[PDB]
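An overview of the molecular structure
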Amino acid sequence: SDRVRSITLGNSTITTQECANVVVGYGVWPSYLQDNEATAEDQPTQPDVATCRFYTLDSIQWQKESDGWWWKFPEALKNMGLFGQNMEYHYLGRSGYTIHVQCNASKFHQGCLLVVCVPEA
Amino acid sequence: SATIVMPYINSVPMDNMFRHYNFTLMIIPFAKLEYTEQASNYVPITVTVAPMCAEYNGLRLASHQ
Amino acid sequence: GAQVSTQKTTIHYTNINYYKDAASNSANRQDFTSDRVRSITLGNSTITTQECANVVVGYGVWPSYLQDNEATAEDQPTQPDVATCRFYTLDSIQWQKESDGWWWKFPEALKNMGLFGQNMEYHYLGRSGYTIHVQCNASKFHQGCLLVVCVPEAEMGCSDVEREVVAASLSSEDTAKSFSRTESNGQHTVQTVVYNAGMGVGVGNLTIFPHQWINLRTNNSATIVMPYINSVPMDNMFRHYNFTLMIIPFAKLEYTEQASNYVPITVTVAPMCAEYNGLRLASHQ
Amino acid sequence: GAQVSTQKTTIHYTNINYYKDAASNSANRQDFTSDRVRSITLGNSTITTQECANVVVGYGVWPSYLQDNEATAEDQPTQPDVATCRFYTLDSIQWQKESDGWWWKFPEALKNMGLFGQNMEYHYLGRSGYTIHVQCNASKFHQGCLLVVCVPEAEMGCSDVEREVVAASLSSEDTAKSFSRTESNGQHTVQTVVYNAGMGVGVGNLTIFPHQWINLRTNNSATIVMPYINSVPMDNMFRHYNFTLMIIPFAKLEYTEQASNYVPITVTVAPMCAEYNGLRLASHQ
Amino acid sequence: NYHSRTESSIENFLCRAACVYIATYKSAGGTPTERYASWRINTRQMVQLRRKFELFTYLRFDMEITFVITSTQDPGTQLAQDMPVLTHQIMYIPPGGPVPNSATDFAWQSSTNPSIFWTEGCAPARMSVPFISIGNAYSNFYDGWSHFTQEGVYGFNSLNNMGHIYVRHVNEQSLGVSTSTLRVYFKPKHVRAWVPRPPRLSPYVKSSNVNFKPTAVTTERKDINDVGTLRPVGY
Amino acid sequence: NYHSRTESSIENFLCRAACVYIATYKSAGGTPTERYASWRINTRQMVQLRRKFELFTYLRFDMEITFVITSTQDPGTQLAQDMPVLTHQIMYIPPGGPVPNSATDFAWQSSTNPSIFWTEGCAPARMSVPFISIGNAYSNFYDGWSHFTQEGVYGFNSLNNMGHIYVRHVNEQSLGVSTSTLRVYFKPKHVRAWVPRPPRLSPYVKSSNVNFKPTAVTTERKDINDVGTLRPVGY
Amino acid sequence: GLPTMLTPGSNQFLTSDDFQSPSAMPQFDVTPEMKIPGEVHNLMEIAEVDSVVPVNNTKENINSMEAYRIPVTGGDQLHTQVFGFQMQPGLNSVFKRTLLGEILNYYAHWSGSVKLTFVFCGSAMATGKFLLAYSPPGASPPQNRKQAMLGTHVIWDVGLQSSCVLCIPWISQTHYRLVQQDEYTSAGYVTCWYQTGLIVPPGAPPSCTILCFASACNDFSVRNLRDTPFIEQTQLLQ
Amino acid sequence: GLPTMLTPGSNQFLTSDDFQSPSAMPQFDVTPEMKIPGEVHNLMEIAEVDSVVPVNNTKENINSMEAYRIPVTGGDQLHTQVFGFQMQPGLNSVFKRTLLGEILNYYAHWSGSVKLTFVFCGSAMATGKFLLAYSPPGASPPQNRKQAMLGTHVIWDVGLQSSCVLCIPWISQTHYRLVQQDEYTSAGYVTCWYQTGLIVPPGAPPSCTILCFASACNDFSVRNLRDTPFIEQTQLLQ
Ligand SMILES: CCCCCCCCCCCCC/C=C/[C@H](O)[C@H](N)CO
Ligand SMILES: CCCCCCCCCCCCC/C=C/[C@H](O)[C@H](N)CO
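Residues numbered from 1 in each chain as written, not as in the entry; some residues may be left out. Chains lettered and ligands numbered in written order. Part of a larger assembly, values for the part shown. Heavy atoms only, no water. Residues with missing side-chain atoms left out of burial classes, pairs and counts.

Method of determination, as annotated in the archive: cryo-EM, at 3.8 Å resolution.

Under the annotation held in the PDB entry, chain C carries the name Capsid protein VP0 and is attributed to Echovirus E3. For this structure, the PDB header gives the title as "Echovirus3 empty compacted particle".

The PDB entry lists chain A under the name Capsid protein VP0, with Echovirus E3 given as the organism.

What follows deals with the interface of chain B and chain A. Facing the 58 residues of chain B at the interface are 79 residues of chain A. Carbon and sulfur atoms supply 62% of the area buried between chain B and chain A, which totals about 8,300 Å² over both sides. Considering only the surface of chain B that becomes buried against chain A, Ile45(B), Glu55(B) and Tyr56(B) emerge as the three largest contributors, covering 10% of it. At the boundary of chain B with chain A, the tally comes to one salt bridge. A salt bridge links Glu55(B) to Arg94(A); its shortest N-O distance comes to 4.0 Å. At the junction of chain B with chain A, the criterion picks out 32 residue pairs in polar contact. (Contact = heavy atoms within 4.5 Å. Buried area = accessible area lost by both parts, 1.4 Å probe. Salt bridge = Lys/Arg side-chain N within 4 Å of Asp/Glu carboxyl O. Polar contact = N/O pair within 3.5 Å; in protein donor to acceptor, adjacent residues only side chain to side chain.)

Take helix 2 (residues 99–106) of chain G next. A large share of helix 2 of chain G lies buried, amounting to eight of its eight residues. Within the span of helix 2 of chain G, buried status applies to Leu99(G), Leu100(G), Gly101(G), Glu102(G), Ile103(G), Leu104(G), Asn105(G) and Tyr106(G). Elements that come into contact with the buried residues of helix 2 of chain G comprise helix 1 (47–53) of chain E together with strand 2 (51–52), strand 5 (109–111), strand 6 (114–121), strand 12 (209–216) and strand 13 (221–222) of chain G. (Buried < 20%, exposed > 50% of the residue type's maximum accessible area, 1.4 Å probe, protein only. Helix = DSSP H or I, 4+ residues; strand = E, 2+ residues; numbered from the N terminus.)

The subject of this paragraph is the site of ligand 2. Residues and elements named next belong to chain F. In the vicinity of ligand 2, 14 residues are found, and the nearest of them are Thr43, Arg44, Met127, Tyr138 and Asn160. The contact in question runs from an oxygen atom of ligand 2 to an N or O atom on the side chain of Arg44, over 2.6 Å. Contact with the protein chains covers 97% of the free accessible surface of ligand 2, which is 600 Å². Counting residues per element, the shell around ligand 2 draws most heavily on strand 2 (residues 56–67), at three residues. The residue makeup of the shell around ligand 2, split by class, is ten nonpolar, three polar and one charged. (Near = heavy atom within 4 Å. Areas by Shrake-Rupley, 256 points an atom, 1.4 Å probe, with all protein chains shown as cover. Nonpolar A, V, L, I, M, F, W, Y, C, P; charged D, E, K, R; others polar.)

All names here are of chain D. Position of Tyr276 relative to the elements: it lies in the segment after strand 13 (271–275). Note on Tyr276: relative accessible area 1%, which makes it buried. Placed 197 residues apart in sequence, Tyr276 and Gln79 show a C-alpha to C-alpha distance of 6.3 Å. Beyond its immediate stretch of four places on either side in the chain, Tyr276 contacts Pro77, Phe116, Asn119, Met120, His123, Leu125, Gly126 and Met237.

Of the pockets and cavities examined, the largest cavity occupies roughly 310 Å³. Considering the residues around the largest cavity, the lining is formed by 23 residues, among which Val68(E), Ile69(E), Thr70(E), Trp118(E) and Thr87(F) are closest to the centre. The set of elements that each furnish at least two residues to the lining of the largest cavity consists of strand 3 (70–71) and strand 10 (183–196) of chain E together with strand 4 (87–93) and strand 5 (116–119) of chain F. The element that contributes the greatest number of residues to the lining of the largest cavity is strand 5 of chain F, accounting for three residues. (1 Å grid on protein atoms, 1.4 Å probe; cavity = no way out; pocket = protein on both sides within 12 Å on 5 of 7 lines; lining within 4 Å. Points joined across faces, edges and corners; volume = space filled by probe spheres on them.)

So, about the nonpolar core. Counting residues in hydrophobic clusters, the biggest one holds 178 residues, and the most contacted among them are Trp104(C), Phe106(C), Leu206(C), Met246(C), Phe56(F), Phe67(F) and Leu116(H). The element contributing the most residues to this core is strand 2 of chain F, with seven residues. The next biggest cluster of nonpolar side chains, apart from the first, holds 175 residues, and it includes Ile93(D), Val190(D), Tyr21(E) and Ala193(E). (Core = buried A, V, L, I, M, F, W, Y, C linked by side-chain atoms within 4.5 Å.)

Shown next, in the form of structure tokens:
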């Protein structure tokens, strides 16, 4: 009925909002590591479809006296898809992330939330 | 909902993912959720991450575990 | 319309197509006339073959990618160029005097080695060309011969009639199945006689398939660059074997009393331009 | 004569017509490639729908007149543009929890309203397009859904086999016939089960006919601008029903304890460009 | 995206000859209704063609009618011993024409009617008929009565006025008795189809209206989230 | 060197019609499986064509199917005395279609199926079929299982999904009983052949896999240096 | 005269032919052409119109209307699977009497991308997120959300938008898959899992009903024609 | 209409014909073309690939693998004949199940030059010379080396090169010789004799094994087509 943007990455989409802002990291978009700043010896292939899907983790349950929750994402996707089947073999690794956290709302369910991706916590 | 497009932040350009955590999500409710008597009480929260432009180097026939 | 041509003996023939289908015309039936050695470095593991040795390039063609001109997939995730291209070495089979022969089944013989068994365990489709290199260390007093051949679609008959075959007996995990110089008596195993090569054909007639000889006089090793041969462009590697190696010694090895008697044979395959499609969060086993 | 063309795979076909009739040729089988709301003011009665709401324009076409290019009548008396174009409002059906569905038959459902039942009672022929607008007043705590559909030529089967139907049971005068969620046991009535929609088809497959949804979350009303669909250009309106509305709730309405329980549904049709022919001094009833 | 539709067209879905009627007529004296075989032209007799037509409300096509007339020998005594070939006559009757009461009637001359004589052992007889109706389209559904006072028949059985095909033998057969069966086939071409409509879920029970018994929507599976079988049917 | 090859081409080696099946079906009441005759479309039944196909791994061709349908008279009593010509009906069934249980069934209309009616005493019936498969080539050898967990059938019997040809009589035959035999012939044209492979030395034993008994390589001669005969067989 | 030779194929009655024939009504003019609206050209235009699919096709429910309404109860579940079905458009009970299936059942082979649009019929104040994932044939059906996340998926916010649509992609070994799909040429499972849990306020009813609409995307094709194994008859009905 | 006359040849079913026929699947598009490698054009390209010939085809040996290995014992012989066979590519036991023979057995007439390449599988240090001579039909088979020397021959030094090849020449009264060769249209005997005697040093095994590869030269042709008298059946195998 209404217009909503749909990020299609890999083969799994989402539907966020038309009016919602999307925070692009520390200003920069996630990009590859070019030959200008590489220190490796040989560079085997990186997949563009096999590890780009919107993997969904377990659903935490919000109650009244719920304190908070955290994750550690390079060691939180080790079982999902091939992202835990490429890094289990190769020595090095580099990936940017596109976290999308959602909770189904209603007009009589007041409350707030803060998400934050602290680096090197 | 909320969507953060985090970039790869590290000093070294490449490091192993099993002995290093690149960052950490923290979902902390600053204001507690207060419903009413005739309202739903099982509000869930999911996280739906997706690695963008994942690169790998140094193939070793290891199969870690 | 109103065509004129020639026939195989002026004399001509005027045939018209009276139908609106391309498969309703007649058959065509007419023609319109210290030392230098090369070192293959693929992935991060080299070999050393010979300067003088020929390398058989498959059925004429070099192994290449599957372009967008002949793709039927929906979305195409990445293919690695370093992670799965190394010269993986399999187990070393041991050549004796009365050794019959050995075979392999390569889409289900690399499932444990490297990431080639860690990409095809997840993705649905698969496509890879192979660069087999089989070697045995020679000496001047160790006469004997060898034949290698990469037969494609080597359907093998069962030992007992009106039976099927079992996957435990058709292929092995790390070992090469022997080729009994006699006849197997099994109820579910493979008919593994050596003078019929499993498929029932004459074992002298295995020379159509790309083949090379490892004659101990004038050759130390053999390298076959087999291309991906299949009707469908993409098929799963766990329920389909693309081809089959067959190492059958035509002349037995005859050493002398004061000579070595533990001559080994290794195979050192390497998948070239391995492509994958259909990532499903499966982790097969 | 002497035509050449292409076939679906140079290759061609030369077929000639040997007969003097257009229906004797072969089949062709070849292709040659406070807020703003809109207000419909029709006649002298307006509506207010929404700014954001879509309006389904029939089978693509807007309702228009019958020009002289496709008329088969003898003499053509006048058609009114103000007298029969008003948004006539029918009776208000009442939506409850276990309400099955409702239907109408519109050429014999406007016979009492205005002059539309005072022009077609005299003239022999008739032609009119319709501009149905069905509305129900919404609220944010009144979940439920609705489907409207203007099925054309909705031949309805009788309740008992080897019987016909009766005009008293097929249509009603001012009321909408219910759609029993079970099966009618009548000897002459209509087979009015709700999971077969009367015609015997699957009730999920009523979405070909111009349809709109009155989902209480994101829609307050629905407007279908149906065009005049008939084989013959002109036919009498008393022995022919042009189409049939069907309001079937797919999701039942579920309110709460302290909420309103008398949610109504009205239909507010309006004939567009109504033409008449064959004035006979009859005064039918 | 280079997988365009050719065999999904309105022609190739409807340019296939379906069997419409099965007649049976003998060739002996006595019971004169057994000598000939009449048929009012419906498409509603056989189901295999009826469901293809009842996807669209209106239609307009030219047709190709064909007949595979085969015959047997009836049991009993006084059989032929030897028998020449026996020819059949297929006569169309327009709406409002005189019909024959029996065989060897006065009205079997067919001066205006398009009769066709067919010999056994040949190709099946074939003819083309154009779009023949008073209306502009062959309406498959007529939600309306016959009379203006809302009585008479109801349904599609008011604009199906296409007359009858009356078939007979044209040999006397002095010795024996032998039946024959007529199988009419309709292959509509130049087809145009207006106002599509859903397929009939319920089975057909009549050739006069849209009577039906209230059937289920689909078949039943196990649960809401039943995925069928996870492994094959063995073990 | 002016002895080039024309009859060694891939066309003329494979553009010859070989017999593929031998059916037999009666025309009497009782035992309804004897009235019709079904056949799943293989090429692996007859050997004379099978060895020509199993020189190449993959193939791609258009075909010309022909049938020499001949019939006899069954012994016993109540024979015909006299008998008109009897016509046969050959119906193709696609993979996933409804098959007839017996003769005079409801499903013998064949609205979508490409049936063909043939009369005796004429030329044999003929049709052309294109390259019809889901794959890109008719694979003669499929070294692989059906299921991804390596169970089910093994061999070429997983991509041979070509449906069946079901043949029947279309005369009632009130008096007598008479069988008929169907002989299907395949003549592939526009043939392309990929990846050649050796001929089968062992004899064929099955039409499901490549089962075989271990046979000798060639026949035996006398010695290593046997030149056969030095003079003729006389003296 | 002309010395022709009768080839094989003479005096036959192949049904799917295209031959000329003499006319039985010669010089018969027709009624002139009229523009009835809705002149369909190809049959696949009926398979581009959405038709509700009976997702809750349980044994008791199929007879009733409540076979089209899929339950989405509100509470803390986070494991319950709202629905799952093999995406076989021809044989599967879910899609066979739907419009896409009925045209498809006529044609033997199917190639294209199906689109399922799941509307939410619920109170305006309700808000929730659901993950609908097409898992390709691979190995075993998804049984927990973590298994479903790997396969292609869309997160739908019920509150932000009703009617989220998933265009199930065409990933297949062969160009065409038979409508009567076998283990070979089969299609992957499709499943939907709770992401946050429906949050319905006190004033609205907790339960809600979600319905499924299935129509082929533009790139859909059929390859053969066959009898429909859905309708039958016994005698000449009179 | 056109007054044709049906010539003799009407209503027949000649098998090796080329006639048109109406299509049973009209307007049926195909799967697009793919480039599978190894697209053979003519059948004789299989008869240009070498296939080992069972030269030691003795009764006990044929069942065993040891029918392809021809013995070349080392010692002073100078009279022993390593092998001899009539060069009949179709009937001869030696060449009939070889690839050249199997394609040839399908075709009735054979014309061309056969090539036999004899590889030596032996210790690197071994050295010897062998005279392989094609004696044309003439009179009687060669029985001593002096008899063989007159006929066309090649002296092969085993030590200098393994794999010496003899292209047996085409010398014949007729352009084509029937595969089932009779005394007329027959072919000459081929034989191999020791020239110097194999000299194998103390460290290597005295015995060695020589194998024979047979493939037609470029100028080979076939003339007719016939049933293969090698494969048969009894009933419709099921
Ligand atoms: C060759 C002799 C027989 C000629 C028969 C006359 C032509 C056949 C009548 C054409 C049938 C028209 C198609 C269907 C007409 C009606 O609309 C349908 N029955 C609707 O019920
Ligand atoms: C005219 C009515 C009958 C029409 C029959 C349909 C066409 C016949 C099927 C074509 C057969 C294709 C050639 C062989 C297919 C498989 O690859 C082989 N059987 C391999 O076993």
